[PDB]
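As a starting point, one isolated chain is supplied in structure tokens, in the form solved without the DNA.
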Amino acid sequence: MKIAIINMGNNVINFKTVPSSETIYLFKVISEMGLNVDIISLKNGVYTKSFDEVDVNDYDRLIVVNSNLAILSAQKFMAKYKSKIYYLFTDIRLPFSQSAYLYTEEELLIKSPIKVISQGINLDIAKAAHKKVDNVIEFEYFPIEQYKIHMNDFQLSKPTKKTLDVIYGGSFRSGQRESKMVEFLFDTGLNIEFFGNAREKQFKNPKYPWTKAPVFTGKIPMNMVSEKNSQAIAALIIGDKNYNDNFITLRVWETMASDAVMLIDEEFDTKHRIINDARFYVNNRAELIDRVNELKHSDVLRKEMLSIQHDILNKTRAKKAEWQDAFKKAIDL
């Protein structure tokens, strides 16, 4: 049984960009499952083989991720593949999709059936997002994002000195989460830092007025996110509208593993699936401020909440074998 992983829109070579790093970490976890796997990309190197040096059909299972040469090559490669394509649906804004003088569609048209492995539990949302796909398509839920906590070298963050009140790391996401970012992170009167690719100048929509913004700092490597989260008393979990009561995102685990107390927007998880404890949830800005002040003022509460969230994380890690079994079942092995 031979498996190939391709990133449909980004080049994979090193840990320099985020889309390249998650493909390599996905590749690492699948390898640690005891599977023979290769990443196919633009060039040959320590982590990859080139599209030109392999025969797509030598692979029994083709896994496709997403996060222009990379886009044109992957399509030509997939267009020649004669079996089912397993698409990892990890971001609502990136459903599977078919992308001029240099191109013929008989060379780029993908006719294979596609199995969408949705990171969100609500398959109707995944189906609605893939409405335009002409292909034969099937859907299945798999919590792909747990890959980080199941890696062999995973470890919780240690207690660290606090220099911030609340931290959130991420990008602007085309303004898809602007109302939520402004509500929980702007005008709080607290010491907040927003790290990642966002900038203050992007927050320009007149519908969400604000006076003072959080401090914006640059991006950091994926493997340093929990350590960065750890410099704060609390770290925020918010999501796009279609992630609510649907997607558990990577930040949930990155935060849970950190030394920062995880504070979750109520609307993201109304049933309280993540942690069945109301102390970890906030409905709005007023509640976030009060919760952060309670945590800054009672070490007994902060330590208890950290202890509880680390316990939930360890409980989940304890099921690594079942998680690995389900992933193999999802890819028909």
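The term rigid core refers to the most C-alpha atoms you can superpose between the two forms while keeping them within 1.5 Å. When you see a residue number, it is the position in the sequence shown, counting from 1.
Omitted from view is the form deposited with the DNA bound, to which the following refers.
Within this chain, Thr17 lines the site of the DNA in the entry with it bound, having a heavy atom no more than 4.5 Å away.
Contact annotation for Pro209: none of its heavy atoms lies within 4.5 Å of the DNA in the entry with it bound. With a 4.5 Å cutoff on heavy atoms, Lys180 does not count as touching the DNA in the entry with it bound; it lies far away.
For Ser171, a non-hydrogen atom is located within 4.5 Å of the DNA in the entry with it bound, even though that partner is not displayed. Heavy atoms within 4.5 Å of the DNA in the entry with it bound map, among the stretches 228-236, 77-85, 256-264, 213-221, onto 213-221 alone. Residue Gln202 is the only one of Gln202, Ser97, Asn244, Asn122 with a heavy atom lying within 4.5 Å of the DNA in the entry with it bound. Screening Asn197, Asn191, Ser157, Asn135 for any heavy atom within 4.5 Å of the DNA in the entry with it bound leaves a single hit, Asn197.
Checking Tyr141, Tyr81, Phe154, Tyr208 for C-alpha shifts of 2 Å or more between this form and the one not shown, after the rigid core is superposed, gives a single hit: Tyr208.
With the core held fixed, the Cα of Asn223 is displaced between this form and the one not shown by less than 2 Å. Once the rigid core is used as the reference frame, the Cα position of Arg173 differs between this form and the one not shown by 2 Å or more. Distance between the C-alpha atoms of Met222 and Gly175: longer in the entry with it bound than here (change of 3 Å or more).
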